[PDB]
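The structure under discussion appears below in the form of structure tokens.
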Amino acid sequence: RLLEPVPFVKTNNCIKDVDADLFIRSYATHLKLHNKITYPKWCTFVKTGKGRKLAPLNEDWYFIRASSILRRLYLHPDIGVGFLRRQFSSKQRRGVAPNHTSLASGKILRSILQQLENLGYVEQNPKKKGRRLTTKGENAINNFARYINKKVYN
Amino acid sequence: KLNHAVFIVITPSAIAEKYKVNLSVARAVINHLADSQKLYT
Amino acid sequence: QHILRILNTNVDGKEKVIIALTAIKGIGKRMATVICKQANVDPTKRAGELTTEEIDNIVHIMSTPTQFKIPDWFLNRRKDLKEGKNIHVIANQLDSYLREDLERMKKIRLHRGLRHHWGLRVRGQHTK
Amino acid sequence: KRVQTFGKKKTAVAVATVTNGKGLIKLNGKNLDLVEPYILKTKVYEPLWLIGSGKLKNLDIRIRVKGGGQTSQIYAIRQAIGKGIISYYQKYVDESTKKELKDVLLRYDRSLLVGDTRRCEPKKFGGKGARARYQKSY
Amino acid sequence: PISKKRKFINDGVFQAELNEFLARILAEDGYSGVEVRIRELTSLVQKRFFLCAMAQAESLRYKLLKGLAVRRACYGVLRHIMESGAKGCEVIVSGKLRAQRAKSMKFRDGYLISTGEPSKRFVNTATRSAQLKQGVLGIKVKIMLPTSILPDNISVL
Amino acid sequence: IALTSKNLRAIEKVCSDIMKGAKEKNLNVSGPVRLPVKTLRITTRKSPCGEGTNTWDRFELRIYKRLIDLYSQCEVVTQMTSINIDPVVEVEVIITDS
Amino acid sequence: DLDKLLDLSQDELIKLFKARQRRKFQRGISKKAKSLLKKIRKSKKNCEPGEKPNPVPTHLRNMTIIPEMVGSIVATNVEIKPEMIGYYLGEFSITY
Amino acid sequence: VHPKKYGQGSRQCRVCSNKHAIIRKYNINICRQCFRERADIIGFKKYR
Amino acid sequence: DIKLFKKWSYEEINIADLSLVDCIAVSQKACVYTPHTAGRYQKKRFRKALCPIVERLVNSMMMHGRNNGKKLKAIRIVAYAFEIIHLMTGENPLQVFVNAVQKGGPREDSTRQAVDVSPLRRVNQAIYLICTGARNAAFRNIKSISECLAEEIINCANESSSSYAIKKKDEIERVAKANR
Amino acid sequence: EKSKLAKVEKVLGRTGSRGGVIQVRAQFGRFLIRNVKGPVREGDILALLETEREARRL
RNA sequence: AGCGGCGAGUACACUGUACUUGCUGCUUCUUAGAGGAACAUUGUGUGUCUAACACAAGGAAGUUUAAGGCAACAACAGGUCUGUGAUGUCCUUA
RNA sequence: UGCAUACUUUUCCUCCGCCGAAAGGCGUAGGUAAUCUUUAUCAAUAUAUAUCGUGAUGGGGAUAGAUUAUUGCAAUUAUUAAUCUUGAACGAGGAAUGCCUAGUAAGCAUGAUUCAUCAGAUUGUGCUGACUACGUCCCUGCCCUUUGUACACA
Ligand SMILES: [Mg+2]
Ligand SMILES: [Mg+2]
Ligand SMILES: [Mg+2]
Ligand SMILES: [Mg+2]
Ligand SMILES: [Zn+2]
């Protein structure tokens with residue numbers, strides 16, 4: 001599907017050398033297999049952000065979100081909740097008044113982050129700013145990426 | 001009007017044309033055969 | 001069952017379950033989805049392949065959702081004016097409730113009620 | 001050894017650091033495998049295809065992009081690559097080869113070497129856009 | 001503590017205020033200045049804080065107040081300007097002026113460039129509103145100074 | 001040392017003068033770095049009234065901040081600063097080790 | 001119930017009411033509101049069970065109705081029932 | 001006396017005490033017409 | 001090797017008009033792999049002649065306000081159409097497109113009396129007509145745009161008055177004839 | 001219906017009250033002074049149908 | 001403001017790549033001052049072979065390169081005294 | 001609840017950490033600014049993969065009903081915001097008429113101005129990037145020479 005004749009070699013080492021959506025999906029699947037992260041209470045009847053005016057329709061969207069968050073963390077040095085919210089923003093059609101940008105429902109994100117920290121994937125750094133990845137977690141992510149790459153090659 | 005049904009050279013439009021069907025059903029059929037725009041033979 | 005009846009006056013024909021459900025005057029989309037989730041029934045299935053038991057269950061869920069897990073802030077008609085419970089009102093019942101409210105307003109001679117009676121806005125809009 | 005040039009489309013400066021290496025070619029921290037949309041991918045790969053994939057096994061490339069939207073960014077990247085490879089050739093490889101490469105690029109199209117000079121013209125009062133005025137009913 | 005932008009604007013405002021104050025005070029003076037009997041002025045400023053066009057305009061206003069034949073005064077002013085080495089001048093006086101309705105009166109001598117950044121540079125302009133019998137007379141004086149060279153000329157040796 | 005001002009050419013001249021002063025002796029002077037000119041734009045609508053096809057006018061008070069470094073003693077730097085100067089260029093000296 | 005509501009504390013009442021009213025209560029009530037309340041109380045005290053007491057002309061339309069002020073008339077005149085409660089004063093000024 | 005601290009009628013033009021059309025950016029607080037006249041002295045030059 | 005869409009090479013293509021060749025340049029420097037060129041095709045009178053035909057088609061497709069300035073989408077649609085052409089009604093899609101273009105131009109037009117049409121103008125008209133027809137087919141149908149467009153293209157290639165553009169052209173020709 | 005190729009030699013004058021049309025001289029290989037509606041240059045080839053019937057010069 | 005320089009690592013490649021903490025030659029990108037560059041230059045047409053235009057090459061650019069800003073003379077009985085402590089008269093002043 | 005006295009962060013941008021479905025809240029952190037908000041990315045169109053499937057339809061969000069907040073002395077004639085629900089007109093628009101020639105039209109957003117609060121406005125800025133001229137006086141409006149005039153308030 002993705003593969004093609006390219007004019008260079010790809011150092012498939014870290015997650016930045018992997019296609020995103022597929023990777024996310026894979027991570028979600030892995031999570032599901034594990035049963036490493038829950039699905040709180042309110043998750044199953046909440047709306048992800050003001051602009052969505054409708055539920056997710058993905059069943060295991062939470063897992064996907066978590067995966068995305070991990071990737072984001074890997075990408076940036078130190079990333080807050082506000083930043084995360086901003087990242088997962090969309091257009092809110094206000095019916096008749098024109099669209100505005102809409103900040104995501106941060107609570108769910110926060111919960112996810114908390115869960116991750118409990119599990120030992122993210123790390124609230126006392127120096128600098130809000131919650132980056134923890135080294136072990138990063139390593140795990142890298143491994144997963146590598147695995148994905150291998151699969152794709154196969 | 002044309003109330004298409006659900007209960008009973010591959011593309012969805014073609015399928016719709018032929019057996020008079022919803023295109024979700026066409027998609028399903030395609031998937032079955034295999035087992036956001038489409039092309040199949 | 002191409003064509004169905006879940007409550008007082010519906011259609012719920014060939015459409016995919018959630019949208020069929022939304023035909024009722026708890027036509028929430030989101031609300032419908034939530035209901036479906038509560039039920040635990042595949043939303044990719046159509047309205048015609050549903051069992052009667054399932055339908056009954058859904059109906060039950062719709063009637064007083066507060067005692068079910070489905071949360072408080074969600075519920076259509078928040079405090080119910082009649083100083084008591086918070087419950088989703090559903091179907092012709094909703095309409096009746098609305099009518100009652102209107103009547104009450106009229107009785108009060110609050111400006112909004114008066115406006116409603118007249119057939120003018122209420123909102124604060126202009127229409128000049 | 002190592003050569004730094006830029007591309008430029010609209011605002012969107014892609015700075016291509018072209019170094020001695022094995023032939024990987026990257027964007028900020030990501031392979032050119034990604035870029036973003038599958039459709040536009042060819043606009044980045046095209047100079048490489050023109051020059052030949054074997055010629056770039058001596059040359060590593062990193063590209064830092066900043067500013068602009070998507071298509072513009074892609075264009076900038078392309079431009080950087082075009083300027084970059086040629087610049088490298090002019091210094092550390094021969095002149096004849098460089099000339100050949102330039103000729104090839106010219107035959108394909110402009111924009112690879114020389115830049116797109118267009119930029120968003122200031123909006124003017126009495127309207128929403130540059131030229132587009134409001135509306136008179138009389 | 002106040003930011004740079006905020007500071008600059010404030011300074012500008014202060015300058016403007018000072019100028020206005022000077023204008024208010026010195027009806028009897030050839031005023032231009034703005035660089036810091038006068039004791040009182042100094043005190044006032046402290047309390048607050050914690051050839052030329054303007055002068056000519058002022059003179060004109062004074063003359064008007066005194067009560068001259070207007071045209072004659074304007075002519076005199078023009079002559080004075082010429083003497084002071086001006087390449088060109090222009091005075092306007094619009095207002096009531098003798099008749100009730102209207103009546104703007106131009107008084108040019110030498111050539112007066114109007115358009116371009118040269119205009120902005122190489123003319124001093126000034127505007128005073130002399131209050132009089134039954135309203136206001138409206139001075140505007142415009143002087144073209146000696147250039148540091150005009151963009152139009154191409155002086156071959 | 002930070003030199004904030006409104007008038008470009010004057011500022012430039014001042015900078016040049018200070019450079020010259022430095023070049024005398026004893027001063028490891030980093031070159032003048034002009035900062036991002038944060039332009040105060042006011043878009044006012046011309047015309048007191050509401051008559052005429054509402055023309056605006058974009059004014060721009062464009063402040064030039066200029067910056068320059070040294071490794072020195074206070075008195076010497078003060079002396080250097082004394083080029084006479086005037087009300088137009090706003091000077092500030094920072095005498096910090098850090 | 002109405003009587004029960006009347007009996008119970010102000011905090012409870014605030015909690016019961018819709019959120020705007022609650023917020024207002026939290027903020028305070030100003031010097032005039034208290035006076036108005038007092039006046040209402042006085043009127044109630046003066047009342048006859050057959051026919052309603054004398055009105056109380058009021059300039060301001062901001063007041064939320066609370067079980068203190070049921071049974072009397074206020075301001076043109078408006079009678080205040082227990083059915084109204086947290087629905088503001090008003091009902092004053094517009095034609096057609 | 002009634003709260004005159006936050007509203008259009010709270011503050012005014014520095015110059016002529018007018019409550020309407022005040023340039024309130026950068027704490028200038030001059031009603032725009034007045035500003036237009038004194039834009040030269042404040043150091044606001046029209047370039048573009 | 002030089003190619004388009006990494007698939008249809010246009011070394012195999014043919015033309016047989018002369019005038020049309022002169023007008024539309026699918027050449028040595030008007031080689032292209034994906035339509036999206038940021039070319040300066042409207043800074044001169046005849047610089048639109050250098051423009052590749054695929055690009056032109058994409059531009060044409062791009063029309064109608066709520067879909068305006070969505071180049072990528074248009075490109076995708078055209079790719080899909082090409083694929084369809086390749087698969088069903090098996091031929092080099094480029095050739096088909098060329099044929100359609102050849103067909104499409106009304107050779108004589110009316111004015112305030114009958115006059116002839118320049119080749120470039122005719123080509124432009126054809127491009128417009130094909131896209132407009134496709135759009136019409138799409139609008140409030142179901143079918144899908146790419147499929148419809150493909151169908152239209154095939155019809156044009158054939159030279160058959162079931163599609164809209166061809167019909168329009170015919171009408172124009174008739175009008176011209178009537179005039180003179 | 002049968003189109004005949006006429007290579008343009010010179011573009012004479014831009015006619016029509018509103019300015020859309022051009023007068024053109026075209027060689028097959030005979031001189032036929034004809035009208036054109038759209039951008040035309042020297043060397044470009046017209047699609048003439050009704051060949052032997054000319055226009056009026058300016 | 002960056003780029004490197006380089007320590008310190010964490011992952012994986014081959015016999016370098018991705019990512020953070022700690023220390024401090026280059027100015028391509030980042031900022032912004034002074035300079036430069038296009039003049040229809042060279043080429044070829046059309047033109048009283050005048051002023052000039054069209055095309056081609058070069059070129060970052062060939063419609064004064066694109067965009068503004070500035071705005072003559074004279075008005076309009078145009079608007080604004082509801083911007084002003086610019087301002088006349090008449091009114092109003094417990 | 002009132003005054004008086006003492007003393008110190010807060011009045012604007014919000015990082016971040018917690019509570020909150022949401023809005024927002026509480027705690028604290030930097031910033032009088034190329035340092036912090038935040039900008040090697042603050043946006044939406046984009047694109048990719050799913051659900052729909054031409055059915056006033058999940059297009060459309062008017063009108064309405066009932067809360068939870070925030071701003072403010074004060075929110076009803078609902079400031080705005082959020083949550084649930086209500087599912088109207090509209091299937092591309094008649095006579096007319098506006099804007100536009102290259103980073104332009106259009107689409108998409110967004111900063112700033114007003115601002116205690118509130119953009120559907122204006123004003124800037126960008127992002128996606130068409131069509132068609134490359135001319136003409138046919139209309140419309142200006143300008144010019146000639147011509148006619150009993151008009152000059154033209
Ligand atoms: Mg001049
Ligand atoms: Mg407005
Ligand atoms: Mg018109
Ligand atoms: Mg007469
Ligand atoms: Zn004022």
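Residue names in the structure tokens use chain letters A, B, ... in the order shown, residue numbers from 1 in each chain, and ligand numbers from 1 in the order shown.
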Using only C-alpha atoms (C1' of nucleotides), which residues sit within 12 Å of segment 128-132 of chain E once same-chain residues fewer than 2 positions away are excluded, as a ChimeraX atom specification? /E:23-24,27,53-68,91-98,125-126,134-142 /K:86-88
Only residues of chain K matter here; which ones have an atom within 12 Å of chain E, counting only C-alpha atoms (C1' of nucleotides)? Give them as a list in words. residues 69, 70, 71, 72, 73, 74, 75, 77, 81, 85, 86, 87, 88 and 89 of chain K
Preceding selection exported with C-alpha atoms (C1' of nucleotides) as a PDB file, in the first residue's frame:
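Now in again_36.pdb:
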ATOM      1  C1'   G K  69       1.987  56.343   0.318  1.00  0.00           C
ATOM      2  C1'   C K  70       2.222  61.633  -1.213  1.00  0.00           C
ATOM      3  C1'   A K  71      -1.430  64.597  -3.858  1.00  0.00           C
ATOM      4  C1'   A K  72      -1.657  70.868  -8.109  1.00  0.00           C
ATOM      5  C1'   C K  73      -5.447  74.413  -9.592  1.00  0.00           C
ATOM      6  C1'   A K  74     -10.336  75.180  -8.696  1.00  0.00           C
ATOM      7  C1'   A K  75     -14.677  74.116  -6.551  1.00  0.00           C
ATOM      8  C1'   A K  77     -23.622  76.335  -0.841  1.00  0.00           C
ATOM      9  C1'   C K  81     -20.275  73.050  15.702  1.00  0.00           C
ATOM     10  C1'   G K  85     -12.121  74.689  25.788  1.00  0.00           C
ATOM     11  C1'   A K  86     -11.430  75.535  16.986  1.00  0.00           C
ATOM     12  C1'   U K  87     -16.168  79.027  16.903  1.00  0.00           C
ATOM     13  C1'   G K  88     -20.071  83.404  15.717  1.00  0.00           C
ATOM     14  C1'   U K  89     -24.870  84.768  16.646  1.00  0.00           C
TER      15        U K  89
END
Can you tell me which residues come within 10 Å of ligand 5 when counting only C-alpha atoms (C1' of nucleotides) and all ligand atoms, ideally as a PDB file with N, CA, C and O atoms (P, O5', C5', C4', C3', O3' and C1' of nucleotides), in the first residue's frame?
ATOM      1  N   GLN H  12     -11.907  58.668  29.082  1.00  0.00           N
ATOM      2  CA  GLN H  12     -12.203  59.663  28.073  1.00  0.00           C
ATOM      3  C   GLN H  12     -10.955  59.936  27.242  1.00  0.00           C
ATOM      4  O   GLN H  12      -9.909  59.313  27.461  1.00  0.00           O
ATOM      5  N   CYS H  13     -11.073  60.854  26.288  1.00  0.00           N
ATOM      6  CA  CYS H  13      -9.908  61.404  25.611  1.00  0.00           C
ATOM      7  C   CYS H  13      -9.091  62.203  26.620  1.00  0.00           C
ATOM      8  O   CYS H  13      -9.654  62.934  27.442  1.00  0.00           O
ATOM      9  N   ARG H  14      -7.772  62.044  26.574  1.00  0.00           N
ATOM     10  CA  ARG H  14      -6.876  62.979  27.249  1.00  0.00           C
ATOM     11  C   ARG H  14      -7.147  64.403  26.778  1.00  0.00           C
ATOM     12  O   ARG H  14      -7.253  65.317  27.597  1.00  0.00           O
ATOM     13  N   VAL H  15      -7.280  64.574  25.461  1.00  0.00           N
ATOM     14  CA  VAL H  15      -7.252  65.901  24.846  1.00  0.00           C
ATOM     15  C   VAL H  15      -8.548  66.669  25.140  1.00  0.00           C
ATOM     16  O   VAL H  15      -8.513  67.693  25.823  1.00  0.00           O
ATOM     17  N   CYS H  16      -9.687  66.161  24.672  1.00  0.00           N
ATOM     18  CA  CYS H  16     -10.939  66.929  24.714  1.00  0.00           C
ATOM     19  C   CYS H  16     -12.068  66.304  25.539  1.00  0.00           C
ATOM     20  O   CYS H  16     -13.223  66.710  25.406  1.00  0.00           O
ATOM     21  N   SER H  17     -11.733  65.331  26.387  1.00  0.00           N
ATOM     22  CA  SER H  17     -12.685  64.691  27.310  1.00  0.00           C
ATOM     23  C   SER H  17     -13.883  63.965  26.652  1.00  0.00           C
ATOM     24  O   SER H  17     -14.914  63.758  27.302  1.00  0.00           O
ATOM     25  N   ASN H  18     -13.735  63.551  25.391  1.00  0.00           N
ATOM     26  CA  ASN H  18     -14.817  62.885  24.658  1.00  0.00           C
ATOM     27  C   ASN H  18     -14.779  61.411  24.939  1.00  0.00           C
ATOM     28  O   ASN H  18     -13.724  60.781  24.848  1.00  0.00           O
ATOM     29  N   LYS H  19     -15.938  60.855  25.249  1.00  0.00           N
ATOM     30  CA  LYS H  19     -16.042  59.449  25.593  1.00  0.00           C
ATOM     31  C   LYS H  19     -16.116  58.553  24.346  1.00  0.00           C
ATOM     32  O   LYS H  19     -16.001  57.335  24.474  1.00  0.00           O
ATOM     33  N   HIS H  20     -16.296  59.142  23.159  1.00  0.00           N
ATOM     34  CA  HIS H  20     -16.458  58.373  21.917  1.00  0.00           C
ATOM     35  C   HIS H  20     -15.158  58.256  21.118  1.00  0.00           C
ATOM     36  O   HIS H  20     -14.424  59.236  20.973  1.00  0.00           O
ATOM     37  N   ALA H  21     -14.891  57.045  20.615  1.00  0.00           N
ATOM     38  CA  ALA H  21     -13.871  56.784  19.581  1.00  0.00           C
ATOM     39  C   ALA H  21     -12.418  56.975  20.040  1.00  0.00           C
ATOM     40  O   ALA H  21     -11.595  57.551  19.317  1.00  0.00           O
ATOM     41  N   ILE H  22     -12.104  56.426  21.210  1.00  0.00           N
ATOM     42  CA  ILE H  22     -10.803  56.639  21.849  1.00  0.00           C
ATOM     43  C   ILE H  22      -9.855  55.557  21.362  1.00  0.00           C
ATOM     44  O   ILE H  22     -10.183  54.370  21.438  1.00  0.00           O
ATOM     45  N   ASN H  29      -4.981  56.811  24.578  1.00  0.00           N
ATOM     46  CA  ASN H  29      -6.189  57.447  25.130  1.00  0.00           C
ATOM     47  C   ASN H  29      -6.460  58.844  24.552  1.00  0.00           C
ATOM     48  O   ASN H  29      -6.652  59.825  25.278  1.00  0.00           O
ATOM     49  N   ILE H  30      -6.444  58.896  23.221  1.00  0.00           N
ATOM     50  CA  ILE H  30      -6.821  60.071  22.440  1.00  0.00           C
ATOM     51  C   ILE H  30      -7.921  59.633  21.477  1.00  0.00           C
ATOM     52  O   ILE H  30      -7.776  58.602  20.813  1.00  0.00           O
ATOM     53  N   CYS H  31      -9.009  60.402  21.387  1.00  0.00           N
ATOM     54  CA  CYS H  31     -10.065  60.086  20.422  1.00  0.00           C
ATOM     55  C   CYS H  31      -9.538  60.328  19.008  1.00  0.00           C
ATOM     56  O   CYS H  31      -8.820  61.300  18.759  1.00  0.00           O
ATOM     57  N   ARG H  32      -9.900  59.428  18.093  1.00  0.00           N
ATOM     58  CA  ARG H  32      -9.082  59.157  16.915  1.00  0.00           C
ATOM     59  C   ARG H  32      -8.845  60.375  16.052  1.00  0.00           C
ATOM     60  O   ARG H  32      -7.761  60.508  15.495  1.00  0.00           O
ATOM     61  N   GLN H  33      -9.831  61.266  15.988  1.00  0.00           N
ATOM     62  CA  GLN H  33      -9.712  62.493  15.192  1.00  0.00           C
ATOM     63  C   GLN H  33      -8.544  63.347  15.693  1.00  0.00           C
ATOM     64  O   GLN H  33      -7.707  63.822  14.898  1.00  0.00           O
ATOM     65  N   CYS H  34      -8.489  63.496  17.010  1.00  0.00           N
ATOM     66  CA  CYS H  34      -7.429  64.271  17.651  1.00  0.00           C
ATOM     67  C   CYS H  34      -6.069  63.648  17.363  1.00  0.00           C
ATOM     68  O   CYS H  34      -5.112  64.360  17.041  1.00  0.00           O
ATOM     69  N   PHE H  35      -6.011  62.321  17.451  1.00  0.00           N
ATOM     70  CA  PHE H  35      -4.789  61.566  17.178  1.00  0.00           C
ATOM     71  C   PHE H  35      -4.305  61.820  15.764  1.00  0.00           C
ATOM     72  O   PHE H  35      -3.113  62.020  15.549  1.00  0.00           O
TER      73      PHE H  35
ATOM     74  P     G K  83     -18.850  65.503  15.941  1.00  0.00           P
ATOM     75  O5'   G K  83     -17.667  64.543  16.424  1.00  0.00           O
ATOM     76  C5'   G K  83     -17.617  63.914  17.731  1.00  0.00           C
ATOM     77  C4'   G K  83     -16.428  64.414  18.518  1.00  0.00           C
ATOM     78  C3'   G K  83     -16.391  65.915  18.774  1.00  0.00           C
ATOM     79  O3'   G K  83     -17.216  66.344  19.856  1.00  0.00           O
ATOM     80  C1'   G K  83     -14.261  65.177  18.048  1.00  0.00           C
ATOM     81  P     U K  84     -17.650  67.892  19.981  1.00  0.00           P
ATOM     82  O5'   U K  84     -16.306  68.614  20.436  1.00  0.00           O
ATOM     83  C5'   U K  84     -15.803  68.486  21.776  1.00  0.00           C
ATOM     84  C4'   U K  84     -14.378  68.979  21.858  1.00  0.00           C
ATOM     85  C3'   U K  84     -14.196  70.488  21.832  1.00  0.00           C
ATOM     86  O3'   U K  84     -14.376  71.063  23.126  1.00  0.00           O
ATOM     87  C1'   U K  84     -12.650  69.474  20.353  1.00  0.00           C
TER      88        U K  84
END
Neighbouring residues of segment 131-138 of chain A were defined as those with any atom within 9 Å, considering only C-alpha atoms (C1' of nucleotides); residues of the same chain fewer than 2 positions away were excluded. Please report them as a PyMOL selection string. (chain A and resi 70+73-74+76-81+113+117+120-126+129+140-143) or (chain K and resi 10-11)
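Secondary structure by DSSP on the backbone puts the following residues of chain F in strand (DSSP E): residues 2, 3, 4, 5, 33, 34, 39, 40, 41, 42, 43, 44, 45, 56, 57, 58, 59, 60, 61, 62, 64, 65, 66, 67, 89, 90, 91 and 92 of chain F.
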Could you list, as a ChimeraX atom specification, every residue within 8 Å of segment 15-18 of chain E, counting only C-alpha atoms (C1' of nucleotides) and ignoring same-chain residues fewer than 4 positions away? /E:11,22,34 /H:38,41-42
So that I have them on file, write out the residues from the current selection with N, CA, C and O atoms, as a PDB file, in the first residue's frame.
ATOM      1  N   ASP E  11       5.923  59.267  25.624  1.00  0.00           N
ATOM      2  CA  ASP E  11       6.865  60.360  25.350  1.00  0.00           C
ATOM      3  C   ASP E  11       6.301  61.278  24.286  1.00  0.00           C
ATOM      4  O   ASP E  11       6.334  62.510  24.438  1.00  0.00           O
ATOM      5  N   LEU E  22       2.770  75.399  25.114  1.00  0.00           N
ATOM      6  CA  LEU E  22       3.581  76.502  24.590  1.00  0.00           C
ATOM      7  C   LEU E  22       2.719  77.420  23.736  1.00  0.00           C
ATOM      8  O   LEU E  22       2.789  78.655  23.876  1.00  0.00           O
ATOM      9  N   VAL E  34      10.759  73.781  21.479  1.00  0.00           N
ATOM     10  CA  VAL E  34      10.653  72.435  22.109  1.00  0.00           C
ATOM     11  C   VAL E  34      11.985  71.704  22.420  1.00  0.00           C
ATOM     12  O   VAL E  34      12.250  70.618  21.891  1.00  0.00           O
TER      13      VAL E  34
ATOM     14  N   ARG H  38      -2.515  65.156  15.747  1.00  0.00           N
ATOM     15  CA  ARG H  38      -1.244  65.073  16.502  1.00  0.00           C
ATOM     16  C   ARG H  38      -0.363  63.835  16.188  1.00  0.00           C
ATOM     17  O   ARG H  38       0.600  63.570  16.911  1.00  0.00           O
ATOM     18  N   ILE H  41       3.423  64.898  15.748  1.00  0.00           N
ATOM     19  CA  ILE H  41       4.184  65.267  16.956  1.00  0.00           C
ATOM     20  C   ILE H  41       4.486  64.035  17.821  1.00  0.00           C
ATOM     21  O   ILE H  41       5.561  63.945  18.417  1.00  0.00           O
ATOM     22  N   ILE H  42       3.538  63.098  17.877  1.00  0.00           N
ATOM     23  CA  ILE H  42       3.702  61.847  18.631  1.00  0.00           C
ATOM     24  C   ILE H  42       4.755  60.941  17.967  1.00  0.00           C
ATOM     25  O   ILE H  42       5.375  60.113  18.641  1.00  0.00           O
TER      26      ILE H  42
END
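One finds atom CA of residue 4 of chain H at 25.7 Å from atom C1' of residue 4 of chain L.
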Would you pick out the contacts of residue 97 of chain F at 10 Å or less, using only C-alpha atoms (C1' of nucleotides), so that residues sharing its chain but fewer than 5 positions from it are not included, and give the list as a ChimeraX atom specification? /F:70-72
Shell of 10 Å around residue 41 of chain K, only C-alpha atoms (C1' of nucleotides), local chain residues under 2 positions omitted, as a PyMOL selection string: chain K and resi 38-39+58
Protein and nucleic residues near ligand 2, 10 Å, only C-alpha atoms (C1' of nucleotides) and all ligand atoms, as a VMD selection string: chain L and resid 113 to 114 119 121 to 122
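For the atom pair formed by atom CA of residue 85 of chain G and atom CA of residue 17 of chain G, the distance is 8.7 Å, given to one decimal.
Here atom CA of residue 3 of chain F stands at a distance of 18.8 Å from atom CA of residue 98 of chain F.
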Let me see if you get this right: every residue at most 9 Å from ligand 3, counting only C-alpha atoms (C1' of nucleotides) and all ligand atoms, written as a list in words.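 Based on only C-alpha atoms (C1' of nucleotides) and all ligand atoms, ligand 3 is surrounded within 9 Å by residues 97, 98, 140 and 141 of chain L.
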What lies within 12 Å of residue 93 of chain G using only C-alpha atoms (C1' of nucleotides), ignoring chain neighbours under 4 positions off, as number ranges by chain? C: 110-111; G: 59-61, 75-77, 89; L: 76-77
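Residues of protein, DNA or RNA lying at most 10 Å from ligand 4, when only C-alpha atoms (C1' of nucleotides) and all ligand atoms are considered, are residues 150, 151, 152, 153 and 154 of chain L.
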Chain D contacts on chain F, only C-alpha atoms, 12 Å, as a list in words: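 Matching residues, ligands excluded from the count: residues 43, 44, 45, 46, 52, 53, 54, 55, 56, 57 and 58 of chain F.
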Write the selection just made, keeping N, CA and C atoms, as a tab-separated table (two decimals), in the first residue's frame?
chain	number	residue	atom	x	y	z
F	43	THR	N	-4.17	52.04	12.74
F	43	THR	CA	-5.04	52.24	11.59
F	43	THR	C	-6.23	53.05	12.07
F	44	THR	N	-6.18	54.35	11.83
F	44	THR	CA	-7.27	55.26	12.14
F	44	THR	C	-8.08	55.47	10.87
F	45	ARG	N	-9.38	55.66	11.05
F	45	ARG	CA	-10.26	56.06	9.96
F	45	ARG	C	-10.12	57.55	9.81
F	46	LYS	N	-9.75	58.01	8.61
F	46	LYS	CA	-9.73	59.44	8.32
F	46	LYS	C	-11.15	59.98	8.40
F	52	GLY	N	-17.87	60.22	3.12
F	52	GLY	CA	-16.76	59.85	2.24
F	52	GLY	C	-16.43	58.39	2.37
F	53	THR	N	-16.02	57.78	1.25
F	53	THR	CA	-15.76	56.35	1.20
F	53	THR	C	-14.64	56.03	2.19
F	54	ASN	N	-15.04	55.50	3.35
F	54	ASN	CA	-14.19	55.46	4.56
F	54	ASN	C	-12.73	55.03	4.37
F	55	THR	N	-11.89	56.02	4.08
F	55	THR	CA	-10.45	55.81	3.94
F	55	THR	C	-9.82	55.74	5.32
F	56	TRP	N	-9.03	54.70	5.51
F	56	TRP	CA	-8.22	54.54	6.70
F	56	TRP	C	-6.85	55.10	6.40
F	57	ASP	N	-6.00	55.21	7.41
F	57	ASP	CA	-4.57	55.49	7.17
F	57	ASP	C	-3.67	54.79	8.19
F	58	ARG	N	-2.82	53.91	7.68
F	58	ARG	CA	-1.93	53.10	8.51
F	58	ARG	C	-0.74	53.95	8.88
